[PDB]
>>> print(open('final-v9.txt').read())   # compact mmCIF, C-alpha atoms and all ligand atoms
# COMPACT_ATOMS: atom_id res chain seq x y z
CA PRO K 1 12.99 -11.42 8.02
CA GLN K 2 14.09 -9.12 5.20
CA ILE K 3 11.54 -9.49 2.37
CA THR K 4 12.23 -8.34 -1.22
CA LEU K 5 9.29 -6.98 -3.19
CA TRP K 6 9.48 -8.95 -6.45
CA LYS K 7 6.50 -10.89 -5.17
CA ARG K 8 3.63 -9.45 -3.16
CA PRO K 9 4.63 -9.32 0.56
CA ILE K 10 1.98 -11.68 1.91
CA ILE K 11 2.29 -13.16 5.39
CA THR K 12 0.01 -15.34 7.48
CA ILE K 13 -1.16 -13.79 10.78
CA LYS K 14 -3.60 -14.92 13.44
CA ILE K 15 -6.59 -12.66 14.10
CA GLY K 16 -9.45 -13.39 16.49
CA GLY K 17 -8.27 -17.03 16.49
CA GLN K 18 -8.25 -17.38 12.67
CA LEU K 19 -5.29 -17.60 10.30
CA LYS K 20 -5.49 -15.00 7.53
CA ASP K 21 -3.13 -14.27 4.62
CA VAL K 22 -2.59 -10.50 4.52
CA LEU K 23 -0.65 -8.11 2.25
CA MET K 24 1.88 -5.84 4.06
CA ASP K 25 0.82 -2.45 2.79
CA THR K 26 2.95 0.61 3.61
CA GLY K 27 0.49 2.81 1.68
CA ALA K 28 -2.36 1.80 4.02
CA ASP K 29 -2.84 3.80 7.23
CA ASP K 30 -5.09 1.00 8.58
CA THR K 31 -5.59 -2.81 8.59
CA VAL K 32 -8.74 -3.94 6.71
CA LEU K 33 -10.17 -7.39 5.82
CA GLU K 34 -13.36 -8.56 4.12
CA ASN K 35 -15.88 -10.47 6.22
CA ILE K 36 -13.97 -11.97 9.14
CA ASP K 37 -15.84 -13.11 12.23
CA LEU K 38 -14.92 -10.77 15.10
CA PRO K 39 -16.93 -10.64 18.38
CA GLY K 40 -18.24 -7.58 20.19
CA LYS K 41 -19.30 -4.15 19.14
CA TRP K 42 -17.73 -1.85 16.57
CA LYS K 43 -18.04 1.73 15.34
CA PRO K 44 -18.40 3.12 11.78
CA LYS K 45 -15.20 4.39 10.18
CA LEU K 46 -14.83 6.05 6.78
CA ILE K 47 -11.56 5.15 5.00
CA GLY K 48 -10.17 6.57 1.79
CA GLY K 49 -8.95 4.23 -0.95
CA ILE K 50 -7.93 4.68 -4.59
CA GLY K 51 -11.58 4.63 -5.76
CA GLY K 52 -13.07 6.96 -3.09
CA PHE K 53 -14.19 6.79 0.52
CA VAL K 54 -15.77 3.63 1.90
CA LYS K 55 -17.58 2.87 5.17
CA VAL K 56 -16.20 -0.02 7.20
CA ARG K 57 -16.62 -1.45 10.69
CA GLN K 58 -13.93 -0.54 13.21
CA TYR K 59 -13.03 -3.14 15.87
CA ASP K 60 -10.67 -2.02 18.71
CA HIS K 61 -8.25 -4.07 20.89
CA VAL K 62 -8.31 -7.13 18.63
CA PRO K 63 -5.67 -9.76 19.62
CA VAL K 64 -3.47 -10.57 16.64
CA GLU K 65 -0.32 -12.55 16.28
CA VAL K 66 2.08 -11.37 13.58
CA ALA K 67 5.56 -12.69 12.85
CA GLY K 68 5.74 -14.03 16.41
CA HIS K 69 4.48 -10.85 18.18
CA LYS K 70 1.21 -11.01 20.13
CA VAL K 71 -0.38 -7.53 20.17
CA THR K 72 -3.79 -5.96 20.25
CA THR K 73 -4.68 -3.59 17.41
CA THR K 74 -7.47 -1.88 15.52
CA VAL K 75 -8.93 -3.97 12.69
CA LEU K 76 -11.37 -2.65 10.06
CA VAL K 77 -13.89 -4.90 8.32
CA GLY K 78 -15.39 -3.98 4.98
CA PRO K 79 -15.40 -4.43 1.14
CA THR K 80 -11.66 -4.44 0.31
CA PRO K 81 -10.34 -6.41 -2.71
CA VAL K 82 -7.29 -7.37 -0.66
CA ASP K 83 -6.94 -8.16 3.06
CA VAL K 84 -4.12 -5.86 4.13
CA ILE K 85 -2.12 -5.03 7.23
CA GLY K 86 -1.33 -1.35 7.26
CA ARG K 87 1.05 0.91 9.13
CA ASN K 88 -0.93 0.77 12.35
CA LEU K 89 0.09 -2.90 12.81
CA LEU K 90 3.39 -2.76 10.90
CA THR K 91 4.59 -0.12 13.40
CA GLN K 92 3.57 -2.38 16.32
CA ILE K 93 6.00 -5.10 15.05
CA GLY K 94 8.85 -2.66 14.37
CA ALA K 95 8.73 -3.09 10.57
CA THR K 96 10.91 -0.82 8.43
CA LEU K 97 11.20 -0.05 4.75
CA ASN K 98 14.86 -0.17 3.75
CA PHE K 99 16.64 0.98 0.57
CA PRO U 1 18.43 4.05 4.72
CA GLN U 2 15.96 2.49 7.14
CA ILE U 3 12.51 4.11 7.47
CA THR U 4 10.18 3.32 10.39
CA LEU U 5 6.46 3.35 9.61
CA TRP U 6 4.78 5.33 12.46
CA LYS U 7 5.00 8.22 9.43
CA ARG U 8 3.79 7.61 5.89
CA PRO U 9 6.99 7.04 3.84
CA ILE U 10 6.81 9.96 1.41
CA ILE U 11 9.74 10.52 -0.95
CA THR U 12 10.19 12.89 -3.88
CA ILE U 13 10.60 11.60 -7.43
CA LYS U 14 11.64 13.51 -10.53
CA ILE U 15 9.44 12.71 -13.49
CA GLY U 16 8.44 14.52 -16.66
CA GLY U 17 10.45 17.56 -15.56
CA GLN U 18 8.40 17.84 -12.32
CA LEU U 19 9.06 16.96 -8.68
CA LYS U 20 6.28 14.92 -7.06
CA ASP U 21 5.82 13.67 -3.49
CA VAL U 22 4.88 9.98 -3.57
CA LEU U 23 4.06 7.35 -0.94
CA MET U 24 6.46 4.37 -1.08
CA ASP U 25 3.75 1.71 -1.25
CA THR U 26 4.50 -2.03 -0.84
CA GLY U 27 0.73 -2.58 -1.30
CA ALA U 28 0.68 -1.14 -4.87
CA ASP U 29 1.68 -3.45 -7.73
CA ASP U 30 2.62 -0.43 -9.84
CA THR U 31 3.31 3.29 -9.43
CA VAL U 32 0.25 5.49 -10.06
CA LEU U 33 0.30 9.29 -10.27
CA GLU U 34 -2.64 11.68 -10.80
CA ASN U 35 -1.44 15.02 -12.13
CA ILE U 36 1.14 14.46 -14.81
CA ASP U 37 1.40 14.72 -18.58
CA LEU U 38 3.63 12.06 -20.07
CA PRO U 39 4.53 11.89 -23.80
CA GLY U 40 3.62 9.22 -26.32
CA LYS U 41 1.49 6.11 -26.54
CA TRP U 42 -0.04 4.27 -23.61
CA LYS U 43 -2.36 1.33 -22.99
CA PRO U 44 -5.61 1.52 -20.94
CA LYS U 45 -5.58 -0.54 -17.71
CA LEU U 46 -7.99 -0.98 -14.76
CA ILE U 47 -6.50 -1.11 -11.26
CA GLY U 48 -8.42 -2.43 -8.27
CA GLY U 49 -8.52 -0.97 -4.79
CA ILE U 50 -10.72 0.12 -1.98
CA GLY U 51 -13.62 2.01 -3.58
CA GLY U 52 -13.53 -0.15 -6.71
CA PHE U 53 -11.74 0.00 -10.08
CA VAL U 54 -9.84 2.99 -11.40
CA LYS U 55 -9.15 3.60 -15.08
CA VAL U 56 -5.51 4.50 -15.77
CA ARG U 57 -3.16 4.99 -18.70
CA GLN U 58 -0.11 2.74 -18.60
CA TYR U 59 3.07 4.38 -19.90
CA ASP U 60 6.18 2.23 -20.32
CA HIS U 61 9.90 3.07 -20.02
CA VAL U 62 9.29 6.47 -18.36
CA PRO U 63 12.57 8.12 -17.11
CA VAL U 64 12.34 8.90 -13.37
CA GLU U 65 14.80 9.57 -10.60
CA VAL U 66 14.09 8.39 -7.04
CA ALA U 67 16.31 8.01 -3.95
CA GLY U 68 19.14 9.25 -6.21
CA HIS U 69 18.77 6.49 -8.85
CA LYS U 70 17.84 7.16 -12.45
CA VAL U 71 15.84 4.36 -14.08
CA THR U 72 13.11 3.96 -16.67
CA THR U 73 9.94 2.49 -15.24
CA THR U 74 6.26 1.73 -15.82
CA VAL U 75 4.00 4.59 -14.69
CA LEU U 76 0.21 4.43 -14.42
CA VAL U 77 -1.53 7.76 -14.74
CA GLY U 78 -5.06 8.18 -13.48
CA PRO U 79 -7.28 9.84 -10.82
CA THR U 80 -5.77 8.49 -7.60
CA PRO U 81 -6.27 10.86 -4.63
CA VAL U 82 -2.73 9.93 -3.45
CA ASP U 83 0.36 9.46 -5.66
CA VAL U 84 2.24 6.21 -4.90
CA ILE U 85 5.24 4.33 -6.18
CA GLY U 86 4.60 0.61 -6.30
CA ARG U 87 6.54 -2.62 -6.12
CA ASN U 88 7.68 -2.32 -9.76
CA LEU U 89 9.76 0.79 -8.92
CA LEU U 90 10.60 -0.22 -5.31
CA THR U 91 12.25 -3.35 -6.69
CA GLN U 92 14.25 -1.28 -9.21
CA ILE U 93 15.77 0.65 -6.27
CA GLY U 94 16.28 -2.43 -4.04
CA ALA U 95 13.71 -1.52 -1.36
CA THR U 96 12.89 -4.28 1.19
CA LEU U 97 10.58 -4.75 4.19
CA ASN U 98 12.25 -5.73 7.45
CA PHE U 99 10.60 -7.02 10.62
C1 LIG F 101 -3.98 -3.71 -2.03
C2 LIG F 101 -4.57 -2.30 -2.16
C3 LIG F 101 -5.50 -1.70 -1.10
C4 LIG F 101 -3.90 -1.40 -3.20
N1 LIG F 101 -3.79 0.06 -3.18
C5 LIG F 101 -2.61 0.55 -2.44
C6 LIG F 101 -2.85 0.99 -0.97
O1 LIG F 101 -1.54 1.11 -0.41
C7 LIG F 101 -3.63 2.29 -0.88
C8 LIG F 101 -2.85 3.55 -1.30
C9 LIG F 101 -3.81 4.70 -1.16
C10 LIG F 101 -3.71 5.55 -0.07
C11 LIG F 101 -4.62 6.63 0.09
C12 LIG F 101 -5.63 6.90 -0.86
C13 LIG F 101 -5.64 6.12 -1.99
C14 LIG F 101 -4.74 5.02 -2.15
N2 LIG F 101 -3.99 2.46 0.53
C15 LIG F 101 -5.24 2.25 0.97
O2 LIG F 101 -6.23 1.90 0.30
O3 LIG F 101 -5.32 2.45 2.37
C16 LIG F 101 -6.60 2.26 3.00
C17 LIG F 101 -6.85 0.77 3.22
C18 LIG F 101 -6.54 0.52 4.69
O4 LIG F 101 -5.96 1.79 5.11
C19 LIG F 101 -6.52 2.88 4.42
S1 LIG F 101 -4.37 0.96 -4.37
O5 LIG F 101 -4.17 2.38 -4.13
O6 LIG F 101 -5.71 0.52 -4.60
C20 LIG F 101 -3.46 0.58 -5.77
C21 LIG F 101 -3.75 -0.54 -6.55
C22 LIG F 101 -3.02 -0.89 -7.70
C23 LIG F 101 -1.87 -0.11 -8.03
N3 LIG F 101 -1.07 -0.45 -9.07
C24 LIG F 101 -1.55 1.02 -7.25
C25 LIG F 101 -2.34 1.33 -6.14
>>> encode(input="final-v9.txt", output="structure tokens")
Amino acid sequence: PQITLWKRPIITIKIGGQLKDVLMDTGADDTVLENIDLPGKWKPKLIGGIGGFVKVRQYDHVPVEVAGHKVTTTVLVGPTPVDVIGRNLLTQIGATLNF
Amino acid sequence: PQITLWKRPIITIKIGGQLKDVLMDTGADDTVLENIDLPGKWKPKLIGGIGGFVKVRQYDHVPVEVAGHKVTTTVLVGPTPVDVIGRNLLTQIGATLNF
């Protein structure tokens, strides 16, 4: 699809078997959600946001389905006001910003 | 133009007689810039992100030029570590996401 930006660009994806509404965020290097149930171990990651740097959990090789594509990707879990999918995943689905 | 997202989409904008490099950010509701002195009255606003709330000044009808288009736009000014243009300005220049 070609999405205009008058509204927030929210899509529904599947992650670790659960449907989650996520904001498509070109200004985010990474994909981060608050308090989703993902199995297995993780490693600490420090990410920078507008308010400073925040520690999150990093989960690798997570199966996700986005706009019809089934991929595995890195997913961060931590105290974000918005669940976002960032360029790491947007690149996996071939997304572009056009103007 | 069509921009893939493997790189951060950084464009220059002219504003307040200066040239600034800004991230084209579909995740930001509104443009926010750190180091800039804009003239006239403004209203205080809080914006929410990773790392909590950030206090900004909202300036309205600011002349800017971006991607070759001159418009007036809302600009938030406050201590972001990364300057971004948000959906308010991306819509003024007809930017879309495509996947
Ligand atoms: C939905 C969110 C997170 C909104 N922000 C936009 C995001 O694009 C934000 C842009 C940014 C990049 C680098 C450092 C600082 C900020 N990236 C971000 O946090 O990336 C993290 C999360 C995962 O990857 C890394 S915002 O900056 O809080 C914001 C909020 C309101 C306005 N009007 C403008 C900006």
>>> residues_near_ligand(input="final-v9.txt", ligand="ligand LIG 101 (chain F)", cutoff="8 Å", atoms="all atoms listed in the file", output="ChimeraX atom specification")
/K:23,25-32,47-52,76,80-86 /U:23,25-32,47-50,76,80-86
>>> residues_around(input="final-v9.txt", residues="residue 56 of chain K", least_positions_apart="2", cutoff="7 Å", atoms="all atoms listed in the file", output="VMD selection string")
chain K and resid 44 to 46 54 58 76 to 78
>>> write_last_selection(input="final-v9.txt", atoms="C-alpha atoms", output="mmCIF file, in the frame of the given file")
data_model
loop_
_atom_site.group_PDB
_atom_site.id
_atom_site.type_symbol
_atom_site.label_atom_id
_atom_site.label_comp_id
_atom_site.auth_asym_id
_atom_site.auth_seq_id
_atom_site.Cartn_x
_atom_site.Cartn_y
_atom_site.Cartn_z
ATOM 1 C CA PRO K 44 -18.400 3.120 11.780
ATOM 2 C CA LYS K 45 -15.200 4.390 10.180
ATOM 3 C CA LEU K 46 -14.830 6.050 6.780
ATOM 4 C CA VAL K 54 -15.770 3.630 1.900
ATOM 5 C CA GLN K 58 -13.930 -0.540 13.210
ATOM 6 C CA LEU K 76 -11.370 -2.650 10.060
ATOM 7 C CA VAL K 77 -13.890 -4.900 8.320
ATOM 8 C CA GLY K 78 -15.390 -3.980 4.980
#
>>> calpha_fit_and_write(input="final-v9.txt", fixed="chain K", moving="chain U", output="short mmCIF file (atom, residue, chain, number, x, y, z; two decimals) with C-alpha atoms, in the coordinates of the input")
data_model
loop_
_atom_site.label_atom_id
_atom_site.label_comp_id
_atom_site.auth_asym_id
_atom_site.auth_seq_id
_atom_site.Cartn_x
_atom_site.Cartn_y
_atom_site.Cartn_z
CA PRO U 1 13.91 -10.72 8.11
CA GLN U 2 14.41 -8.66 4.96
CA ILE U 3 11.79 -8.95 2.19
CA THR U 4 12.46 -7.71 -1.36
CA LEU U 5 9.46 -6.31 -3.23
CA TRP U 6 9.57 -7.86 -6.75
CA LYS U 7 6.71 -10.27 -4.85
CA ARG U 8 3.76 -8.86 -2.93
CA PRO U 9 4.71 -9.25 0.77
CA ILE U 10 1.98 -11.61 1.96
CA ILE U 11 2.16 -12.92 5.53
CA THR U 12 -0.30 -14.94 7.60
CA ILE U 13 -1.95 -13.49 10.69
CA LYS U 14 -3.98 -15.28 13.35
CA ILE U 15 -7.13 -13.41 14.22
CA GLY U 16 -10.52 -14.36 15.61
CA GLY U 17 -9.49 -18.02 15.61
CA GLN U 18 -8.79 -17.91 11.83
CA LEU U 19 -5.63 -17.75 9.73
CA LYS U 20 -5.70 -15.05 7.05
CA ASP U 21 -3.21 -14.13 4.32
CA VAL U 22 -2.62 -10.37 4.37
CA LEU U 23 -0.52 -7.94 2.32
CA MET U 24 2.00 -6.03 4.49
CA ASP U 25 0.99 -2.57 3.28
CA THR U 26 3.04 0.57 4.08
CA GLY U 27 0.42 2.50 2.04
CA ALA U 28 -2.48 1.59 4.41
CA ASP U 29 -2.94 3.69 7.55
CA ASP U 30 -4.75 0.80 9.22
CA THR U 31 -5.29 -2.94 8.76
CA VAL U 32 -8.49 -3.80 6.86
CA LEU U 33 -9.89 -7.31 6.42
CA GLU U 34 -13.01 -8.40 4.49
CA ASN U 35 -14.24 -11.77 5.71
CA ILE U 36 -14.12 -11.88 9.47
CA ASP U 37 -16.54 -11.78 12.38
CA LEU U 38 -15.15 -9.96 15.38
CA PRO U 39 -16.97 -9.70 18.74
CA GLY U 40 -18.34 -6.61 20.45
CA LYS U 41 -18.84 -2.94 19.72
CA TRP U 42 -17.28 -1.02 16.86
CA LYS U 43 -17.41 2.47 15.37
CA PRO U 44 -18.26 3.24 11.70
CA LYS U 45 -15.39 4.76 9.68
CA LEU U 46 -14.88 5.70 5.99
CA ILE U 47 -11.51 4.89 4.41
CA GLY U 48 -10.35 6.46 1.17
CA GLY U 49 -8.60 4.75 -1.71
CA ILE U 50 -8.56 4.21 -5.40
CA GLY U 51 -12.19 3.69 -6.43
CA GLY U 52 -13.48 6.02 -3.71
CA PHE U 53 -14.58 5.62 -0.07
CA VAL U 54 -15.22 2.31 1.65
CA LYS U 55 -17.42 1.92 4.72
CA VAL U 56 -15.77 -0.15 7.46
CA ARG U 57 -16.33 -1.12 11.08
CA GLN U 58 -13.47 -0.15 13.38
CA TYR U 59 -12.79 -2.66 16.15
CA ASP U 60 -10.27 -1.75 18.85
CA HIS U 61 -7.88 -3.91 20.92
CA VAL U 62 -8.34 -7.02 18.74
CA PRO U 63 -5.90 -9.88 19.70
CA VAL U 64 -3.83 -10.94 16.66
CA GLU U 65 -0.58 -12.77 16.12
CA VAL U 66 1.72 -11.82 13.22
CA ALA U 67 5.38 -12.63 12.46
CA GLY U 68 5.33 -14.54 15.78
CA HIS U 69 4.27 -11.55 17.93
CA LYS U 70 1.03 -11.42 19.87
CA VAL U 71 -0.43 -7.92 20.22
CA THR U 72 -3.83 -6.27 20.41
CA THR U 73 -4.48 -3.93 17.52
CA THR U 74 -7.05 -1.83 15.66
CA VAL U 75 -8.77 -3.79 12.88
CA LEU U 76 -11.05 -2.30 10.22
CA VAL U 77 -13.56 -4.72 8.77
CA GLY U 78 -15.20 -3.98 5.46
CA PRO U 79 -15.47 -5.02 1.77
CA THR U 80 -11.87 -4.68 0.61
CA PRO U 81 -11.03 -7.03 -2.30
CA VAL U 82 -7.58 -7.59 -0.70
CA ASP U 83 -6.84 -8.01 3.03
CA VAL U 84 -3.98 -5.77 4.24
CA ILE U 85 -2.20 -4.97 7.46
CA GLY U 86 -1.43 -1.28 7.74
CA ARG U 87 1.08 0.99 9.41
CA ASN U 88 -0.69 0.71 12.79
CA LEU U 89 0.19 -3.01 13.02
CA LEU U 90 3.49 -2.79 11.08
CA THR U 91 4.74 -0.34 13.69
CA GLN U 92 3.68 -2.69 16.52
CA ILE U 93 5.99 -5.36 15.03
CA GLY U 94 8.86 -2.94 14.22
CA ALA U 95 8.63 -3.16 10.41
CA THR U 96 10.73 -0.61 8.45
CA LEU U 97 11.35 0.32 4.80
CA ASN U 98 14.96 0.25 3.65
CA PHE U 99 16.42 1.68 0.45
#
>>> atom_distance(input="final-v9.txt", atom1="atom CA of residue 72 of chain K", atom2="atom CA of residue 16 of chain K")
10.1 Å
>>> closest_residue(input="final-v9.txt", among="U:88, U:61, U:33, U:19", to="chain K", atoms="only C-alpha atoms")
U:88
>>> closest_residue(input="final-v9.txt", among="K:53, K:75, K:65, K:13", to="chain U", atoms="only C-alpha atoms")
K:53
>>> axis_aligned_box(input="final-v9.txt", around="segment 81-92 of chain K", padding_each_side="5 Å", output="AutoDock Vina command-line options")
--center_x -2.9 --center_y -3.6 --center_z 6.8 --size_x 24.9 --size_y 19.1 --size_z 29.0
>>> closest_residue(input="final-v9.txt", among="K:15, K:24, K:71, K:64", to="chain U", atoms="only C-alpha atoms")
K:24
>>> closest_residue(input="final-v9.txt", among="K:89, K:22, K:38, K:3", to="chain U", atoms="only C-alpha atoms")
K:3
>>> atom_distance(input="final-v9.txt", atom1="atom CA of residue 21 of chain K", atom2="atom CA of residue 93 of chain U")
26.4 Å
>>> closest_residue(input="final-v9.txt", among="K:70, K:43, K:55, K:87", to="residue 7 of chain U", atoms="all atoms listed in the file")
K:87
>>> atom_distance(input="final-v9.txt", atom1="atom CA of residue 17 of chain K", atom2="atom CA of residue 74 of chain K")
15.2 Å
>>> build_atoms(input="final-v9.txt", residues="segment 33-58 of chain K", atoms="N, CA and C atoms", output="short mmCIF file (atom, residue, chain, number, x, y, z; two decimals), keeping the file's coordinate frame")
data_model
loop_
_atom_site.label_atom_id
_atom_site.label_comp_id
_atom_site.auth_asym_id
_atom_site.auth_seq_id
_atom_site.Cartn_x
_atom_site.Cartn_y
_atom_site.Cartn_z
N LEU K 33 -9.92 -6.06 6.39
CA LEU K 33 -10.17 -7.39 5.82
C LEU K 33 -11.65 -7.46 5.45
N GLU K 34 -11.97 -8.32 4.47
CA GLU K 34 -13.36 -8.56 4.12
C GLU K 34 -13.87 -9.72 4.98
N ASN K 35 -14.99 -9.47 5.67
CA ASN K 35 -15.88 -10.47 6.22
C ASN K 35 -15.15 -11.55 7.03
N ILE K 36 -14.50 -11.11 8.09
CA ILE K 36 -13.97 -11.97 9.14
C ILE K 36 -14.92 -11.91 10.34
N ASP K 37 -14.89 -12.98 11.13
CA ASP K 37 -15.84 -13.11 12.23
C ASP K 37 -15.20 -12.52 13.48
N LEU K 38 -15.53 -11.29 13.88
CA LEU K 38 -14.92 -10.77 15.10
C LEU K 38 -16.06 -10.50 16.09
N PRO K 39 -15.87 -10.83 17.38
CA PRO K 39 -16.93 -10.64 18.38
C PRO K 39 -17.04 -9.19 18.84
N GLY K 40 -18.18 -8.83 19.44
CA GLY K 40 -18.24 -7.58 20.19
C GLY K 40 -18.71 -6.41 19.34
N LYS K 41 -18.78 -5.23 19.96
CA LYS K 41 -19.30 -4.15 19.14
C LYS K 41 -18.17 -3.46 18.38
N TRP K 42 -18.60 -2.58 17.48
CA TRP K 42 -17.73 -1.85 16.57
C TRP K 42 -18.32 -0.47 16.33
N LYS K 43 -17.54 0.42 15.70
CA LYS K 43 -18.04 1.73 15.34
C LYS K 43 -17.76 1.97 13.86
N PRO K 44 -18.58 2.80 13.19
CA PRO K 44 -18.40 3.12 11.78
C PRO K 44 -17.11 3.92 11.60
N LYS K 45 -16.40 3.62 10.51
CA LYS K 45 -15.20 4.39 10.18
C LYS K 45 -15.25 4.61 8.68
N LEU K 46 -14.92 5.82 8.22
CA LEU K 46 -14.83 6.05 6.78
C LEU K 46 -13.35 6.04 6.36
N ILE K 47 -12.96 5.19 5.40
CA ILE K 47 -11.56 5.15 5.00
C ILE K 47 -11.44 5.59 3.55
N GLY K 48 -10.28 6.16 3.19
CA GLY K 48 -10.17 6.57 1.79
C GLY K 48 -9.34 5.53 1.05
N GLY K 49 -9.80 5.09 -0.13
CA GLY K 49 -8.95 4.23 -0.95
C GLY K 49 -8.82 4.86 -2.34
N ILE K 50 -8.20 4.13 -3.27
CA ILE K 50 -7.93 4.68 -4.59
C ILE K 50 -9.24 5.07 -5.30
N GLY K 51 -10.36 4.39 -4.99
CA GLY K 51 -11.58 4.63 -5.76
C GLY K 51 -12.53 5.60 -5.07
N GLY K 52 -12.24 6.00 -3.82
CA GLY K 52 -13.07 6.96 -3.09
C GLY K 52 -13.17 6.52 -1.65
N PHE K 53 -14.14 7.05 -0.91
CA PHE K 53 -14.19 6.79 0.52
C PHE K 53 -15.24 5.73 0.78
N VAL K 54 -14.96 4.82 1.71
CA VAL K 54 -15.77 3.63 1.90
C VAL K 54 -16.01 3.48 3.40
N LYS K 55 -17.25 3.11 3.77
CA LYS K 55 -17.58 2.87 5.17
C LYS K 55 -17.25 1.45 5.57
N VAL K 56 -16.59 1.28 6.71
CA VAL K 56 -16.20 -0.02 7.20
C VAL K 56 -16.58 -0.06 8.68
N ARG K 57 -16.49 -1.25 9.26
CA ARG K 57 -16.62 -1.45 10.69
C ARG K 57 -15.25 -1.36 11.36
N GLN K 58 -15.17 -0.61 12.47
CA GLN K 58 -13.93 -0.54 13.21
C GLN K 58 -14.03 -1.34 14.52
#
